[PDB]
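To start, the structure under review is shown below, and the notes come after it.
Chain A is the first sequence line, chain B the second, and so forth, proteins listed ahead of strands; every chain is numbered from 1. No hydrogens, no waters, no symmetry mates; every other heavy atom, side chains included, goes into these values.
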There are 4 protein chains.
Amino acid sequence: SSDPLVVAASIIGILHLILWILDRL
Amino acid sequence: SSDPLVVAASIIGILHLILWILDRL
Amino acid sequence: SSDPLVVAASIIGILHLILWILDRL
Amino acid sequence: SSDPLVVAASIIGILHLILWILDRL
Ligand SMILES: CCCCCCCC/C=C/CCCCCCCC(=O)OC[C@@H](O)CO
Ligand SMILES: CCCCCCCC/C=C/CCCCCCCC(=O)OC[C@@H](O)CO
Ligand SMILES: CCCCCCCC/C=C/CCCCCCCC(=O)OC[C@@H](O)CO
Ligand SMILES: CCCCCCCC/C=C/CCCCCCCC(=O)OC[C@@H](O)CO
Ligand SMILES: CCCCCCCC/C=C\CCCCCCCC(=O)OC[C@@H](O)CO
Ligand SMILES: CCCCCCCC/C=C\CCCCCCCC(=O)OC[C@@H](O)CO
Ligand SMILES: CCCCCCCC/C=C\CCCCCCCC(=O)OC[C@@H](O)CO
Ligand SMILES: CCCCCCCC/C=C\CCCCCCCC(=O)OC[C@@H](O)CO
Ligand SMILES: [Ca+2]
Ligand SMILES: [Ca+2]
Ligand SMILES: [Ca+2]
Ligand SMILES: [Ca+2]
Ligand SMILES: [Ca+2]
Ligand SMILES: [Cl-]
(Lines give C-alpha, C1' and ligand atoms only; values in the text may rest on other atoms or scores of the structure.)
(Ligands and ions follow the chains in the order given, each with its own letter.)
Protein backbone atom coordinates (compact mmCIF):
# COMPACT_ATOMS: atom_id res chain seq x y z
CA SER A 1 0.00 0.00 0.00
CA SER A 2 0.92 3.62 -0.57
CA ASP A 3 0.14 7.11 0.68
CA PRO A 4 -3.16 8.21 -0.90
CA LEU A 5 -1.38 11.18 -2.44
CA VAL A 6 1.06 8.77 -4.18
CA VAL A 7 -1.74 6.51 -5.46
CA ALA A 8 -3.46 9.62 -6.91
CA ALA A 9 -0.26 10.88 -8.51
CA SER A 10 0.12 7.46 -10.06
CA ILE A 11 -3.42 7.64 -11.43
CA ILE A 12 -2.80 11.15 -12.73
CA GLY A 13 0.39 10.03 -14.46
CA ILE A 14 -1.10 6.97 -16.09
CA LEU A 15 -4.11 8.95 -17.36
CA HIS A 16 -1.76 11.67 -18.60
CA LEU A 17 0.20 9.18 -20.74
CA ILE A 18 -3.02 7.55 -22.00
CA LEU A 19 -4.42 10.94 -23.05
CA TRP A 20 -1.15 11.96 -24.68
CA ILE A 21 -1.05 8.71 -26.70
CA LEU A 22 -4.67 9.03 -27.77
CA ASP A 23 -4.09 12.67 -28.79
CA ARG A 24 -1.08 11.74 -30.89
CA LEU A 25 -2.94 8.84 -32.52
CA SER B 1 2.09 4.95 3.43
CA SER B 2 5.12 5.58 1.26
CA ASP B 3 8.80 6.45 1.50
CA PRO B 4 9.06 10.22 2.11
CA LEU B 5 11.11 10.55 -1.06
CA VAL B 6 8.22 8.95 -3.04
CA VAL B 7 5.58 11.21 -1.44
CA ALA B 8 7.74 14.24 -2.39
CA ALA B 9 8.24 13.02 -5.95
CA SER B 10 4.49 12.64 -6.16
CA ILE B 11 4.01 16.20 -4.95
CA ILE B 12 6.63 17.45 -7.40
CA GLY B 13 4.91 15.64 -10.27
CA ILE B 14 1.43 16.86 -9.48
CA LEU B 15 2.62 20.46 -9.11
CA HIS B 16 4.58 20.11 -12.35
CA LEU B 17 1.44 19.09 -14.28
CA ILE B 18 -0.62 21.84 -12.62
CA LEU B 19 1.97 24.47 -13.57
CA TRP B 20 2.23 23.15 -17.12
CA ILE B 21 -1.57 23.29 -17.54
CA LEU B 22 -1.80 26.80 -16.11
CA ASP B 23 1.06 27.95 -18.39
CA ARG B 24 -0.65 26.54 -21.46
CA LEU B 25 -4.00 28.09 -20.49
CA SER C 1 5.97 -2.16 -0.52
CA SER C 2 3.54 -0.12 -2.57
CA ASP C 3 0.03 -0.25 -3.99
CA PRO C 4 0.13 -2.41 -7.15
CA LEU C 5 -1.18 0.54 -9.15
CA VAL C 6 1.82 2.63 -7.95
CA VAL C 7 4.35 -0.12 -8.79
CA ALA C 8 2.82 -0.32 -12.31
CA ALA C 9 2.89 3.45 -12.76
CA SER C 10 6.53 3.33 -11.76
CA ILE C 11 7.21 0.64 -14.35
CA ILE C 12 5.31 2.60 -16.99
CA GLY C 13 7.33 5.73 -16.20
CA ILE C 14 10.70 4.06 -16.26
CA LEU C 15 9.93 2.31 -19.57
CA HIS C 16 8.63 5.60 -20.96
CA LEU C 17 11.94 7.37 -20.21
CA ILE C 18 13.95 4.42 -21.57
CA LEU C 19 11.96 4.46 -24.82
CA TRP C 20 12.25 8.23 -25.14
CA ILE C 21 16.04 8.05 -24.68
CA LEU C 22 16.43 5.23 -27.18
CA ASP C 23 14.25 7.11 -29.70
CA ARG C 24 16.34 10.25 -29.36
CA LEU C 25 19.60 8.28 -29.67
CA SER D 1 8.06 2.78 2.91
CA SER D 2 7.74 1.83 -0.74
CA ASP D 3 8.69 -0.91 -3.18
CA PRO D 4 12.35 -0.39 -4.14
CA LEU D 5 11.31 -0.09 -7.77
CA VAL D 6 8.98 2.82 -6.82
CA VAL D 7 11.67 4.59 -4.77
CA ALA D 8 14.02 4.31 -7.79
CA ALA D 9 11.39 5.58 -10.20
CA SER D 10 10.90 8.51 -7.86
CA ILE D 11 14.63 9.20 -7.87
CA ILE D 12 14.74 8.90 -11.66
CA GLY D 13 11.85 11.35 -12.00
CA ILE D 14 13.24 13.94 -9.64
CA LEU D 15 16.66 13.83 -11.32
CA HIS D 16 14.97 14.04 -14.71
CA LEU D 17 13.18 17.28 -13.76
CA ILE D 18 16.35 18.71 -12.19
CA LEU D 19 18.35 17.99 -15.35
CA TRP D 20 15.63 19.41 -17.58
CA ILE D 21 15.53 22.64 -15.53
CA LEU D 22 19.30 23.00 -15.52
CA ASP D 23 19.40 22.39 -19.30
CA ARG D 24 16.78 25.05 -19.93
CA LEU D 25 18.55 27.54 -17.63
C1 LIG E 1 -6.18 17.82 -17.96
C2 LIG E 1 -7.23 18.00 -16.91
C3 LIG E 1 -6.71 18.56 -15.60
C4 LIG E 1 -5.88 17.60 -14.77
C5 LIG E 1 -5.34 18.22 -13.49
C6 LIG E 1 -4.44 17.31 -12.64
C7 LIG E 1 -4.11 17.87 -11.24
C8 LIG E 1 -4.94 17.12 -10.22
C9 LIG E 1 -4.72 17.56 -8.80
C10 LIG E 1 -4.27 16.68 -7.88
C11 LIG E 1 -5.22 15.90 -7.01
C12 LIG E 1 -4.57 15.04 -5.94
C13 LIG E 1 -5.57 14.42 -4.95
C14 LIG E 1 -4.91 13.84 -3.73
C15 LIG E 1 -5.79 13.00 -2.84
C16 LIG E 1 -5.14 12.58 -1.50
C17 LIG E 1 -6.11 12.24 -0.33
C18 LIG E 1 -5.65 12.58 1.10
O19 LIG E 1 -6.52 13.00 1.83
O20 LIG E 1 -4.64 11.93 1.83
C21 LIG E 1 -3.45 12.60 2.17
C22 LIG E 1 -2.43 11.55 2.62
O23 LIG E 1 -1.12 11.91 2.39
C24 LIG E 1 -2.52 11.37 4.11
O25 LIG E 1 -2.01 10.08 4.41
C1 LIG F 1 10.34 24.90 -11.13
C2 LIG F 1 10.94 25.18 -9.79
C3 LIG F 1 12.02 24.20 -9.37
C4 LIG F 1 11.52 22.81 -9.00
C5 LIG F 1 12.64 21.84 -8.64
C6 LIG F 1 12.20 20.41 -8.32
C7 LIG F 1 13.31 19.52 -7.72
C8 LIG F 1 13.06 19.37 -6.24
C9 LIG F 1 14.08 18.53 -5.51
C10 LIG F 1 13.68 17.41 -4.86
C11 LIG F 1 13.34 17.43 -3.40
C12 LIG F 1 13.04 16.09 -2.77
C13 LIG F 1 12.89 16.13 -1.25
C14 LIG F 1 12.90 14.76 -0.61
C15 LIG F 1 12.51 14.71 0.85
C16 LIG F 1 12.73 13.32 1.51
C17 LIG F 1 12.90 13.32 3.06
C18 LIG F 1 13.83 12.26 3.67
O19 LIG F 1 14.51 12.64 4.59
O20 LIG F 1 13.58 10.87 3.75
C21 LIG F 1 14.35 9.95 3.02
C22 LIG F 1 13.61 8.60 3.04
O23 LIG F 1 13.85 7.82 1.93
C24 LIG F 1 14.09 7.79 4.20
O25 LIG F 1 13.06 6.86 4.50
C1 LIG G 1 3.39 3.15 -25.89
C2 LIG G 1 2.57 1.91 -25.71
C3 LIG G 1 1.32 2.10 -24.88
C4 LIG G 1 1.56 2.32 -23.39
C5 LIG G 1 0.28 2.56 -22.60
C6 LIG G 1 0.45 2.84 -21.11
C7 LIG G 1 -0.86 2.84 -20.29
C8 LIG G 1 -0.93 1.55 -19.51
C9 LIG G 1 -2.17 1.40 -18.66
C10 LIG G 1 -2.06 1.26 -17.33
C11 LIG G 1 -2.01 -0.10 -16.68
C12 LIG G 1 -2.01 -0.11 -15.17
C13 LIG G 1 -2.17 -1.50 -14.55
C14 LIG G 1 -2.48 -1.48 -13.07
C15 LIG G 1 -2.40 -2.80 -12.36
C16 LIG G 1 -2.92 -2.76 -10.89
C17 LIG G 1 -3.40 -4.11 -10.30
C18 LIG G 1 -4.56 -4.08 -9.29
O19 LIG G 1 -5.36 -4.98 -9.39
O20 LIG G 1 -4.51 -3.58 -7.97
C21 LIG G 1 -5.22 -2.43 -7.59
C22 LIG G 1 -4.68 -1.96 -6.24
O23 LIG G 1 -4.79 -0.60 -6.05
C24 LIG G 1 -5.48 -2.57 -5.14
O25 LIG G 1 -4.66 -2.57 -3.98
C1 LIG H 1 19.91 10.23 -19.06
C2 LIG H 1 20.75 9.09 -18.58
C3 LIG H 1 20.06 7.74 -18.65
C4 LIG H 1 18.96 7.53 -17.62
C5 LIG H 1 18.25 6.18 -17.75
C6 LIG H 1 17.09 5.93 -16.78
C7 LIG H 1 16.56 4.49 -16.78
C8 LIG H 1 17.07 3.80 -15.53
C9 LIG H 1 16.63 2.36 -15.38
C10 LIG H 1 15.90 1.99 -14.31
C11 LIG H 1 16.54 1.44 -13.07
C12 LIG H 1 15.60 0.94 -12.00
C13 LIG H 1 16.29 0.20 -10.85
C14 LIG H 1 15.33 -0.55 -9.96
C15 LIG H 1 15.90 -1.09 -8.67
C16 LIG H 1 14.94 -2.02 -7.89
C17 LIG H 1 15.61 -3.03 -6.91
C18 LIG H 1 14.93 -4.40 -6.72
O19 LIG H 1 15.68 -5.34 -6.62
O20 LIG H 1 13.71 -4.64 -6.05
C21 LIG H 1 12.57 -5.08 -6.74
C22 LIG H 1 11.36 -4.90 -5.83
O23 LIG H 1 10.18 -4.68 -6.51
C24 LIG H 1 11.13 -6.15 -5.05
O25 LIG H 1 10.40 -5.79 -3.88
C1 LIG I 1 -2.87 17.21 -20.44
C2 LIG I 1 -3.65 16.85 -19.20
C3 LIG I 1 -3.40 15.41 -18.84
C4 LIG I 1 -3.99 15.11 -17.48
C5 LIG I 1 -3.96 13.62 -17.23
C6 LIG I 1 -4.29 13.34 -15.77
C7 LIG I 1 -5.75 13.64 -15.52
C8 LIG I 1 -6.14 13.09 -14.16
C9 LIG I 1 -7.53 13.59 -13.80
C10 LIG I 1 -8.00 13.42 -12.55
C11 LIG I 1 -7.92 12.07 -11.89
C12 LIG I 1 -7.94 12.24 -10.38
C13 LIG I 1 -7.87 10.88 -9.72
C14 LIG I 1 -7.64 11.06 -8.23
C15 LIG I 1 -7.76 9.72 -7.54
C16 LIG I 1 -7.32 9.86 -6.10
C17 LIG I 1 -7.21 8.49 -5.47
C18 LIG I 1 -6.90 8.63 -4.00
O19 LIG I 1 -6.65 9.72 -3.53
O20 LIG I 1 -6.83 7.48 -3.18
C21 LIG I 1 -7.75 7.49 -2.12
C22 LIG I 1 -7.19 6.71 -0.95
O23 LIG I 1 -8.13 6.73 0.10
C24 LIG I 1 -6.90 5.29 -1.40
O25 LIG I 1 -5.57 5.20 -1.85
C1 LIG J 1 8.77 23.56 -14.76
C2 LIG J 1 8.97 23.37 -13.27
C3 LIG J 1 7.82 22.57 -12.71
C4 LIG J 1 8.14 22.17 -11.28
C5 LIG J 1 6.90 21.59 -10.64
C6 LIG J 1 7.27 20.94 -9.32
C7 LIG J 1 7.63 22.01 -8.32
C8 LIG J 1 7.71 21.40 -6.94
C9 LIG J 1 8.30 22.41 -5.97
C10 LIG J 1 8.68 22.02 -4.74
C11 LIG J 1 7.74 21.20 -3.88
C12 LIG J 1 8.55 20.42 -2.86
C13 LIG J 1 7.61 19.60 -2.00
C14 LIG J 1 8.41 18.64 -1.16
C15 LIG J 1 7.50 17.96 -0.16
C16 LIG J 1 8.25 16.85 0.54
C17 LIG J 1 7.29 16.02 1.36
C18 LIG J 1 8.05 14.99 2.15
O19 LIG J 1 9.24 14.84 1.97
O20 LIG J 1 7.38 14.15 3.06
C21 LIG J 1 7.82 14.27 4.39
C22 LIG J 1 7.63 12.95 5.10
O23 LIG J 1 8.09 13.09 6.43
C24 LIG J 1 6.17 12.58 5.07
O25 LIG J 1 5.91 11.78 3.94
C1 LIG K 1 5.48 6.77 -25.86
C2 LIG K 1 4.96 5.56 -25.12
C3 LIG K 1 5.86 5.26 -23.94
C4 LIG K 1 5.22 4.20 -23.07
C5 LIG K 1 6.22 3.72 -22.04
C6 LIG K 1 5.51 2.88 -21.01
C7 LIG K 1 5.10 1.56 -21.62
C8 LIG K 1 4.66 0.61 -20.53
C9 LIG K 1 4.03 -0.62 -21.16
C10 LIG K 1 3.37 -1.50 -20.38
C11 LIG K 1 4.00 -2.02 -19.11
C12 LIG K 1 2.92 -2.49 -18.16
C13 LIG K 1 3.55 -3.02 -16.90
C14 LIG K 1 2.48 -3.25 -15.85
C15 LIG K 1 3.08 -3.96 -14.66
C16 LIG K 1 2.07 -4.00 -13.54
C17 LIG K 1 2.74 -4.49 -12.27
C18 LIG K 1 1.70 -4.65 -11.18
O19 LIG K 1 0.56 -4.27 -11.36
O20 LIG K 1 2.08 -5.18 -9.93
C21 LIG K 1 1.39 -6.36 -9.58
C22 LIG K 1 1.26 -6.44 -8.08
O23 LIG K 1 0.57 -7.63 -7.76
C24 LIG K 1 2.65 -6.44 -7.47
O25 LIG K 1 3.02 -5.12 -7.16
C1 LIG L 1 17.11 13.12 -20.18
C2 LIG L 1 17.58 12.07 -19.20
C3 LIG L 1 17.09 12.42 -17.82
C4 LIG L 1 17.35 11.26 -16.88
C5 LIG L 1 17.08 11.69 -15.46
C6 LIG L 1 17.07 10.48 -14.55
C7 LIG L 1 18.48 9.93 -14.42
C8 LIG L 1 18.52 8.91 -13.30
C9 LIG L 1 19.86 8.20 -13.32
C10 LIG L 1 20.04 7.10 -12.57
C11 LIG L 1 19.66 7.11 -11.11
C12 LIG L 1 19.40 5.69 -10.64
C13 LIG L 1 19.03 5.70 -9.18
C14 LIG L 1 18.53 4.33 -8.78
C15 LIG L 1 18.34 4.28 -7.28
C16 LIG L 1 17.65 2.99 -6.90
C17 LIG L 1 17.24 3.04 -5.44
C18 LIG L 1 16.65 1.71 -5.03
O19 LIG L 1 16.46 0.85 -5.86
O20 LIG L 1 16.28 1.49 -3.69
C21 LIG L 1 16.97 0.43 -3.08
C22 LIG L 1 16.08 -0.20 -2.03
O23 LIG L 1 16.79 -1.27 -1.43
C24 LIG L 1 15.72 0.85 -1.00
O25 LIG L 1 14.50 1.46 -1.37
CA1 LIG M 1 -0.07 10.65 4.49
CA1 LIG N 1 13.63 5.47 3.15
CA1 LIG O 1 3.97 1.12 1.84
CA1 LIG P 1 -5.12 -0.68 -3.41
CA1 LIG Q 1 8.58 -5.87 -4.74
CL1 LIG R 1 4.60 3.93 -2.55
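Here B/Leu19 pairs with nothing under the side-chain contact (heavy atoms from CB on, under 4.5 Å) rule; sequence neighbours left out.
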Please list every donor-acceptor pair under 3.5 Å in which a side-chain atom of residues 3-10 of chain B meets a protein atom from a residue at least two apart or in another chain.
residue, atom, partner, partner atom, Å
B/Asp3, OD1, B/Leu5, N, 2.9
B/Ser10, OG, B/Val6, O, 3.0

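Separating the CG atom in B/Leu17 from the CG atom in B/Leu22 is a distance of 9.0 Å, to the nearest 0.5 Å. Between the CD1 atom of B/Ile11 and the NE2 atom of B/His16 there is a distance of 15.5 Å, given to the nearest 0.5 Å.
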